[PDB]
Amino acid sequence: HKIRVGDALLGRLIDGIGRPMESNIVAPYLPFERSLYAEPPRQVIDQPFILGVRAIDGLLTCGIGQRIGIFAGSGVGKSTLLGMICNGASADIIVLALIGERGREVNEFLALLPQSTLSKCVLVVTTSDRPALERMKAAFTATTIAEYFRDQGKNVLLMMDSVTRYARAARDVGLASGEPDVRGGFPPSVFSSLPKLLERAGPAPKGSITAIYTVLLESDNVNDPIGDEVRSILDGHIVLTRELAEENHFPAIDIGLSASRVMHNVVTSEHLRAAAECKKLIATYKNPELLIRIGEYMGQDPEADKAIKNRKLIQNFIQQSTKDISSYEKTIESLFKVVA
């Protein structure tokens, strides 16, 4: 399978095999063909990739060329977080793959993106009604298009929502060709395709692809062998929880459950220091009502005292509304403030 690509893809809604879906009577100029498949290519990650989300840029800092996972169940602000990242990230180009959701949920995500952001996005969209084959190819189409723009010297953000639903489509395609169930309903081809997909993002001499893949968590206790494999491959993971989202704490990122394997390689030692102390002050906060309620009060307990003192500053730092905008300078300055 070869798809047609070019700069004219920018600002466009594109199907799972790369074809314009909008109603224009004049067709875009897409003069190049590129295969969907890319045999394997090495660079290190040493530059910070800024998302413009304080909790992440401050505490779980990304790197140019990193593979990042966002794990979220239903109704925890996944889409809002993803919108914020598109609107705030330091990328020249964003290639989005929106895979497996109904047309309503796609449009609700798109309404989060203003004109200035859309003008630098390729939007690869394959809703749940589309054939499994098309939903599967969407992940390759999107990655190839990101490769195309990387090859132009662009710092590209590849955003795939979701790898979970890519894998379901790849599964249905595989089982159809005769493959048996090996683990959790998934055939062998799906598993072999994951590293091949993810090995294609990374830093580069010309440009880069930094990639974010979402993993949808189900509200059951059924194993997800796709999530397992992705966890082992990623250079970072961001975990959203229903517990935080129920507090109207957004983004609903559980800092203790999240991590960046590249952060220490991309921030100053002092920034790493303040982040660790911020994380401790988050983890050791306990509602003061729990002690007042039993005869108030410190000791003698110094760390947990700061946590109370800093609660508002910390919560106002990690919580962040959809149109709150935060440069890397201001995020870092704010971070030092919260741990004083």
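Just count from 1 along the sequence shown to find any residue number.
Per the record, residue 297 and residue 298 are separated by 1 to 3 deposited residues that are missing from the model. The entry models residue 41 and residue 42 with a gap of 4 to 9 deposited residues left without coordinates.
Higher mean CA temperature factor between 215 to 223 and 123 to 131: 215 to 223, per the PDB entry. Per-stretch averaging of Cα B factors for 253 to 261 and 181 to 189 places 181 to 189 on top. Per the deposited record, the Cα B-factor of residue 271 falls in the middle third when ranked against the other modelled residues of its chain. For residue 231, the recorded CA B-factor ranks within the lowest third of the chain. Only modelled residues enter the ranking. Per the PDB record, residue ranking by Cα B-factor puts residue 312 in the highest third of the chain.
Ranked within its chain, residue 139 lands in the lowest third, by CA B factor from the PDB record.
The PDB entry assigns residue 65 a C-alpha temperature factor belonging to the lowest third of its chain's modelled residues.
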